[PDB]
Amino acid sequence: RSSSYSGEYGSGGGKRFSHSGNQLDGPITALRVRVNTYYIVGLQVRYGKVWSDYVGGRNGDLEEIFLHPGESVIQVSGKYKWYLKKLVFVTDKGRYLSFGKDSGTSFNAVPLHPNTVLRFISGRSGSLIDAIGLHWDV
């Protein structure tokens, strides 16, 4: 078995969410992160050609980045307090896809098993992103 899970990074507020079902749509191809002055407000991930249902709140500006064909996320770092503040998605093409504010408790998630990549995310949300989890697999 090659699946592994990193998290949760954040606190216990909000309601749990998961993109477990979304991996049937395809590999991660794009990221949407709504950000304000202090926090990561919301998250959306594109699996193959299909965007997940938006999670989080509305009080922030939407940032968006598409992955290149064949580009996979192989490491995720970030920062949090009671809520998520920063995410950096490191890819196998050497890109560091950064969102949010450089402050708070830091974390650094890497996959446990050989040759695995980021397949989906989970976490907790409300008006903000309270917590995030990273799920790795072949």
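Each residue number is its position in the shown sequence, starting from 1.
Return whichever of 94-102 and 54-62 has the greater mean Cα B factor according to the PDB record.
-> Higher mean C-alpha B-factor in the PDB entry: 94-102.
Look over 44-52 and 79-87 in the entry and identify the one with the greater average Cα temperature factor.
-> Of 79-87 and 44-52, the stretch with the higher C-alpha B-factor average is 79-87.
Third of the chain's Cα B-factor distribution that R119 belongs to, per the entry = Lowest third.
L128, C-alpha B-factor rank within chain (lowest, middle or highest third) | According to the entry, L128 has a C-alpha B-factor in the chain's middle third.
Sorting the chain's modelled residues by C-alpha B-factor, tell me whether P111 ends up in the lowest, middle or highest third.
-> As the PDB entry reports it, the C-alpha B-factor of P111 lands in the lowest third of its chain.
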